[PDB]
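Protein chains in written order, with my numbering: chain A, 418 to 517; chain B, 218 to 320; chain C, 210 to 441; chain D, 5 to 182; chain E, 4 to 120; chain F, 289 to 417; chain G, 460 to 550. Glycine included, every Cβ here is placed at the ideal spot set by N, Cα and C. Only one structure is covered here, and it is reproduced in the block below.
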Amino acid sequence: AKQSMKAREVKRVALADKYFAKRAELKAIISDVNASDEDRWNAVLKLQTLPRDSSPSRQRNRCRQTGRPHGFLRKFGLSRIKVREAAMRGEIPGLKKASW
Amino acid sequence: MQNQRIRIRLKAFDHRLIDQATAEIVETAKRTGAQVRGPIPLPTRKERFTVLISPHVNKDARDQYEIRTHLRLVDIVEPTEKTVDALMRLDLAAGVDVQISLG
Amino acid sequence: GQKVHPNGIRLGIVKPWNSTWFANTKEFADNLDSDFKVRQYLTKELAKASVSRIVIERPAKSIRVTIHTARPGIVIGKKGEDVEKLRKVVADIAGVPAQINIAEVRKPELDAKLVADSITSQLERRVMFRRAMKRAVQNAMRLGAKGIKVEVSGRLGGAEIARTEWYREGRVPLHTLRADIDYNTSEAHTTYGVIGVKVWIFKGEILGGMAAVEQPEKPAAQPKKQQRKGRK
Amino acid sequence: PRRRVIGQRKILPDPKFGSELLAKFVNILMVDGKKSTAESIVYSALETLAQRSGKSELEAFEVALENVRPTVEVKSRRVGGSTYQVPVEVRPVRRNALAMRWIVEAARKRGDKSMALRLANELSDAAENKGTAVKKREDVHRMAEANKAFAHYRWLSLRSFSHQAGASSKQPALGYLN
Amino acid sequence: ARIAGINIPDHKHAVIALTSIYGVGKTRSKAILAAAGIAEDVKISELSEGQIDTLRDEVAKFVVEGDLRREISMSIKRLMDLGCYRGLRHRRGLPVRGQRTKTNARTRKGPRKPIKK
Amino acid sequence: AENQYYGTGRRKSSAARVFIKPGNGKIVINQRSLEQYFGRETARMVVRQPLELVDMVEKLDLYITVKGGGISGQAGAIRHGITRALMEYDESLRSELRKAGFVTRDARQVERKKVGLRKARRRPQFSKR
Amino acid sequence: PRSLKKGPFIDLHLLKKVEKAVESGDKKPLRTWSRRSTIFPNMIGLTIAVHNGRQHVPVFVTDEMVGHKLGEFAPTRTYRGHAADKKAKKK
RNA sequence: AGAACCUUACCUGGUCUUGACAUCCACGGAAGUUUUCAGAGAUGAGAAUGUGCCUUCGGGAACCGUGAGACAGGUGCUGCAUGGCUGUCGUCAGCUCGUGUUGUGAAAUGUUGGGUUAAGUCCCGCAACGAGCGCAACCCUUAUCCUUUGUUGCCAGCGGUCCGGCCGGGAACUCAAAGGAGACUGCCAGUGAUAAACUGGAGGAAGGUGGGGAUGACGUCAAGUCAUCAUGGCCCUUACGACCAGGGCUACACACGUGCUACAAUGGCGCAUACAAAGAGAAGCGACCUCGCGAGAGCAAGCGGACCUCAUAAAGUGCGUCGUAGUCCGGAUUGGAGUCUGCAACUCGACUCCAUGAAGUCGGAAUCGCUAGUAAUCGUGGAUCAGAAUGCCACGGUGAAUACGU
């Protein structure tokens, strides 16, 4: 359900590439432990203001083929409902029902 | 501790699919080389999924799905790469991938 | 109207499926979406003829499509250009060098989805749906299969209210877990709204599908019964 | 209910014993699932009884396990008329397990410095017919020995039975005619 | 011997015995026992009072509760003139740091009261 | 068995491999002493417990390998692996020890958890209104 | 209780807005949406007006307020008390 | 099933309408990458690298901004307008499909009785006859045991040797995954109406349709989802779309469902001491490395997981200890420090650790699951998975009472 979160995610991967690539460990290099006596100063602590949407921490995905409100499953690119649906029709390979 | 001469892995999604695909690789390995190792079974892998049986509600029964991932050794006593090129090429049955390497 | 989960919880335990490929780890998702896409786009291209089963397969270094039809050579075209085009798009979607072979299923001239086409027409045109499901089952049992179940739903006959109805015949077990057996869910709309048929068809309880392998893979085809094993 | 009679299963032995009366004593002494402690709890108790008297290690154990132990039980049944009871004779297996259960509940709250002292003293106390479950054995057997004078819905059952072939006496029944 | 706290035993090992004698838990009690040369394997009830006096003396340097709980008084008092909301919840005892409060709550958030289910 | 008579002793998913011969009475476990592998454990008094019965703590010699399970289950397994192996005085020895209970294996097998529950078989409770 | 990632920073987003204002000695409400921010020496003496998701609430920034992220001083949410109901009549 | 914003419905604030996305026309910037800065971020300006792709170099695709239609999009309403899909009775022990018959018929009969059962299974028998469904079966798995492979598995004797399969070497052996064998309520005895079959009996790894799992009929219930998804009638399309930030479900008054771990001592503590199974890791985890109170940190050989790592697995075991005293159980709160994905952890997130220290004595009405690898209880991994678990899911440690009776 609901296209706006699916719309957000599709824009995001080109915006990951554009903002975040040049500014991945830059947080760490300029501020944190990699800034060992170098940087840590104001004249360099203005450089990362473009990436905020681009960040992997907002790259939630959900169901990669329709969208779904939570309950995503990363190994299929699918969800609870949509896995069962694809299995009924035999579209998924290697698929047992558990018995041992 | 007797070691191997070459390193080979056969990878498949169910129990019929590994036995047929292996039995065919072991056949190619005799048909293009003299010196052959029969396959060791190795600990097969099993992935656990739980999903709901229905679109909404209930808790009493739900659903559990399994996918097994099957590993065969094969290998060859001779370390001859030409046999491994042929091995991985002529394996186009039951949708198994064999992964090659040297050492 | 409990509707037990009619095939999903029954597979891979000597019951073949409409995909056979190997993946694991985190890339299983990238291979499955790609497999959905090739299933959706490829059967649309060979839609010129009716089609009875679809099998897409990924062994070492190749992608192999098996397709099953009511007559062979029919989706393969004339010359060979038609089938090189089918292999162009299978490679394009999966991203691996492509193969296709033509093959037919057991009882080819009958299939789950061609019964539901037959039942749908009467309903699409808003006339003669009160004996149509029964004549569909009769024809269906004259062309093959050891038993058939049909369930029809819709705003049926063009009615201003909903109806469930069904028709069952012969031997169609429902806890069965051995041999492939053929299933289709139709969905379609016409002027008054949506109709649908759930068509289960049952060929055989050991006829059709794979069989259980009758050996270990461990003794067979082995020209040298050792590497060393301490015996040299 | 029940389509068939179903008996007890096989129970496995424990790494310190091959005797049954010992293995069944450690078993219902089991809590948290961990028998491998209970092995010791039985053998540390039995040595303390054995210091109290040296003729046996079993002195207080064997008669406590007789004395706090029932013989009969009463169920309550009524679907019409008036309230009645039906006594039943039960199996040795459950007579024994009520008795051992009651010994291990009573001894663990007895509050002495070792579980070994607590059990040897609570078997020593019930052996002499003055412990904590002597009262429980005496009340429960009194009620089952007494309600043998009653039967499920007696007043209609006394006409109903003699019409459908049966006796003219007064007898207990398992929720049916008499 | 017991004298102080909620987990000091009588006739059990030394490791535990310093851990509610105020200002010292397990980590320091390991270093203290070593420093006097005392084993991490004697029961404290077996000692002279003057080995307990040597141990106690090495506890007594670290912050006792009397001064800890004054730091927590001044902590709430500083925070409430800010209105730092985390701090307003810390005062009342409201599980705020990463927790739910709709739970079985009575000891912190108040007893049973007349409200609908 | 073409060097030593052999017992398998698999109990509770642990297996005691036990190779028996005549000897000076000793035990070797895991290419070591009972003190190395089972140092400071009740498990050592268990593994002598079948050898005391057949009066073979001093004249049966033994070589022992054990993997799987946990501390009690290996002790239990070696108790079955010795009595299994003991065939080489009489062909009825292993028959009779089984009759006495030492080859007798418990009635427990593998079982898989089921879904829709909180445990192997243990459905959720209901108390709703 | 919670340290603010492993090494030192300042918060880059609040720095460019504040730095130019602390030079002017401004104490006027600074229109801020960027609430994922910390308090630092450069930030004392300012008044940072903090969007809550309905409107900005002014937080007077001072020397006593170090050890905190912005937004907690001004309402994060309302409470639940001990006596209320919606249910009533009015005609 | 992993909810800071995102998520995501909700709410408020910026900002635009072909629009995050496809094709089709028009304009500015190549996208990609490196890099300073303003503003909240959207977005933009400047620097430096590149001007690729196809071609009428008309012009456009790619990403991004701009604009127009056709058109895209819609957790848009209506679940007596619907499709797909599923929960219930219940493992009820019955239901249905074709057809005859008895009654004027509605409809029964079968599909109901007795005895027996997972069973429409089986003895007896009436109008039910023939057949399917539930159930039985094929099925995967275990159990010994046969059987083959012989590493990334193993080691009785033998070598290098600290006595570790690490390696010369060996195949007795588990051992992994698979052909399967064996066990059929078949036998004997009791029970049972002769009888199905239940129980007992025995050898054996193992007997109750061997142990486990798969496994659930027609279908009323106007049952629940238009919110995976399909979809008409039918509404917006400068929006019931869409880009960006922040706030909230997870508040706290309590009640309520479920589960977790405690209240003990079958346990905790101190010291000393032991053995797993299984599985996850191609933007990832990961030996060594230097740093770290610990968790972790950045670097990296390595990896494809029977090879490398999570991992010291814990409870349990050895000894001593403890007396109902909130303790020798429990350790919440809180001060205060250290960490993770990311500009950014404050309220809404997770983990480590230092000091102090409360609630809780097995909980009332109510109430369920369970027949044995179960139940109970302790750790483990995994699905999920940006970041993290008390749960779930599956595993392995230690592993129970009883099943008369309705």
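Going by DSSP in three states, residue i sits in which element: helix, strand or coil?
i: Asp242(C); result: helix
i: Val292(C); result: helix
i: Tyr88(E); result: helix
i: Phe154(D); result: coil
i: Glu396(C); result: coil
i: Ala64(D); result: helix
i: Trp517(A); result: coil
i: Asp391(C); result: strand
i: residue 183(D); result: Beyond the ends of chain D as shown, which are 5 and 182, falls residue 183(D); an answer cannot be given.
i: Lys550(G); result: coil
Going along the chain, which residues of its own chain have a beta-carbon closer than 7 Å to the beta-carbon of residue i, five neighbours each way excluded?
i: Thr297(B); result: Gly250
i: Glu378(C); result: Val346, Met350, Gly356 and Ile357
i: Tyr376(C); result: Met342, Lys343, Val346 and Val359
Leaving aside the five residues before and after residue i along the sequence, list all residues of the same chain whose C-beta is less than 8 Å from its C-beta, in chain order.
i: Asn478(A); result: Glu426, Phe489 and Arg491
i: residue 456(C); result: Nothing can be reported for residue 456(C): it is not among the residues displayed for chain C, which extend from 210 to 441.
i: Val213(C); result: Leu383
Going by the beta-carbon positions, is the gap between residue i and residue j smaller than 7 Å?
i: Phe231(C); j: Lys228(B); result: yes
i: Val381(C); j: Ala325(C); result: no
i: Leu462(A); j: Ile503(G); result: no
i: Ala258(C); j: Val284(C); result: yes
i: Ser471(A); j: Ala433(A); result: yes
i: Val83(D); j: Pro91(D); result: no
i: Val294(B); j: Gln431(C); result: no
i: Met350(C); j: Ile328(C); result: no
i: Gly312(B); j: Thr229(C); result: yes
i: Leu53(D); j: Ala42(D); result: no
i: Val509(G); j: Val520(G); result: no
i: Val422(C); j: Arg233(B); result: yes
Within 10 angstroms of its Cβ, does residue i collect 16 or more other Cβ (buried), or is it exposed?
i: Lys224(C); result: buried
i: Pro338(F); result: buried
i: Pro256(B); result: buried
i: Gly369(F); result: buried
i: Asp129(D); result: buried
i: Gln316(B); result: exposed
i: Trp492(G); result: exposed
i: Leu463(G); result: exposed
i: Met119(D); result: buried
i: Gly511(A); result: buried
i: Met344(F); result: buried
i: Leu36(E); result: buried
i: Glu346(F); result: exposed
Please work out which residues of its chain come closer than 6 Å, Cβ to Cβ, to residue i, disregarding the five sequence neighbours upstream and downstream, and give them in chain order.
i: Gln175(D); result: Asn182
i: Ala307(C); result: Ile272, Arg296, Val299 and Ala300
Per the contact definition of three or more C-beta pairs closer than 8 Å, is the segment 351–367 of chain F in contact with the segment 300–318 of chain F?
yes
Is the number of C-beta pairs between the segment 331–348 of chain F and the segment 301–318 of chain F that are closer than 8 Å three or more?
yes
Can you find at least 3 beta carbon pairs, one from the segment 106–119 of chain D and one from the segment 158–178 of chain D, that sit closer than 8 Å?
no
Looking at C-beta atoms only, is the number of pairs between the segment 126–146 of chain D and the segment 63–72 of chain D that lie closer than 8 Å three or more?
yes
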